[PDB]
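Just one chain is shown here, as structure tokens, and it is the form solved without this ligand.
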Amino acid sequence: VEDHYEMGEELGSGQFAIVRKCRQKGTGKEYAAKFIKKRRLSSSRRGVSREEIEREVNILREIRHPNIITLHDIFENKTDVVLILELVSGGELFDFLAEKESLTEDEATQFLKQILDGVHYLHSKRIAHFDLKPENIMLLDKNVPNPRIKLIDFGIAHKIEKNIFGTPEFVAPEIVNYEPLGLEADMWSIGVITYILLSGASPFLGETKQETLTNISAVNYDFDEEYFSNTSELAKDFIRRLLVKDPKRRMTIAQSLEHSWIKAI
């Protein structure tokens, strides 16, 4: 990698990884180099297993959409897999919105549409992100008139595809009744993101992580007027149709885009 990219400042660090800014030799174009520490022994809990690195890389390879982070190049050395990624410098969407004194529902929906467009692309390729949250919703450049959303961090993303067992004769009840996680999980996350984007309030947050998890499982939220008095009924309906316990009864991404609140712009 160092033969081909000049490495600069550390930008941050996450799950067994350090991100540095870099510049490609010959072209001068800037990127983010994410150095992922490989797991050595399969018994270890340090680093990332090769198979999990591959899972993420295989998803990143396929992505070509303006609202998603792009993979440019990949290297591997003794200790690391280095992803050369699109440099996204505009920060978290919510930190940009914080510079404002207030935000209108129409200003918010400009951004929400971009998130939905990114997720529509991912879901069209059967990719569930599984960790949609405001910190993974960045901006390419926050100083332009109409900033562009970039979805980041495919660390737990999966392709969503019985036959592997040959027949079911020997399989346990938990396999018979296995209900896989799927694309609907992202649609729930979108509901929560929308809720907080519009109101500033987190719908399920409790005093401990355990309380939050309890609240989520019970679908225990409201639209209290202290937070929702300037929010439209169509916005509330959109959220209601996402925050559904049964994943099979939630709006899909296509239905989300066809919802009157979104169609209206």
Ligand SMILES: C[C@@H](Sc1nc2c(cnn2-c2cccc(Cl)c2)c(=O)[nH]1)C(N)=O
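We number the residues from 1 along the sequence you see. Superpose the two forms; the largest set of C-alphas matching within 1.5 Å is the rigid core.
Comparing 11 to 19 with 249 to 257 by root mean square Cα distance to the shown form in 6 other deposited structures of this protein, with the rigid core used for the fit, gives 11 to 19 as the more displaced stretch.
In terms of root mean square C-alpha deviation after superposing on the rigid core in 6 other deposited structures of this protein, the stretch standing farther out between 130 to 138 and 101 to 109 is 101 to 109. Compared with other deposited structures of the same protein, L181 does not meet the criterion of being unmodelled in at least one third, since all of those that resolve residues on both sides include it.
Modelling of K162 is missing from a third or more of the other compared entries in which both of its neighbours are modelled. Gap check for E161 to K162: 4 to 9 deposited residues are absent from the model. Averaged over their C-alpha atoms, the temperature factors of 79 to 87 and 140 to 148 are higher for 140 to 148.
A summary of the deposited B-factors shows that, of 152 to 160 and 166 to 174, the stretch with the larger mean C-alpha value is 166 to 174. Note on the listed residues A32, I63, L234, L197: the highest Cα temperature factor in the record is that of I63. Per the PDB record, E179 has a higher Cα B-factor than any other of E184, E135, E179, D131. Annotation for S124: C-alpha temperature factor in the middle third relative to the rest of the modelled chain, per the entry. Annotation for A17: C-alpha temperature factor in the highest third relative to the rest of the modelled chain, per the entry.
When the modelled residues of the chain are ordered by their C-alpha B factor, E92 lands in the lowest third. For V48, the recorded CA B-factor ranks within the middle third of the chain. Only modelled residues enter the ranking. Sort the modelled residues of the chain by CA B factor and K209 lands in the highest third.
Although not depicted, the form solved in complex with this ligand is the subject of the following passage.
With respect to this ligand in the bound PDB entry, the three residues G14, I69 and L85 uniformly fall within 4.5 angstroms at the level of their nearest heavy atom. Only one of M138, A157, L112, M187 lies close to this ligand in the bound PDB entry, with a heavy atom inside 4.5 Å, and it is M138. Interface residue among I74, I152, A108, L97, judged by heavy atoms within 4.5 Å of this ligand in the bound PDB entry: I152. Taking the partner from elsewhere, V244 is found to have every heavy atom lying beyond 4.5 Å of this ligand in the bound PDB entry.
At a distance threshold of 4.5 angstroms between non-hydrogen atoms, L257 is out of contact with this ligand in the bound PDB entry.
The partner is not drawn, yet in the bound PDB entry one stretch among 190 to 198, 169 to 177, 100 to 108, 85 to 93 has residues with heavy atoms inside 4.5 Å of this ligand: 85 to 93.
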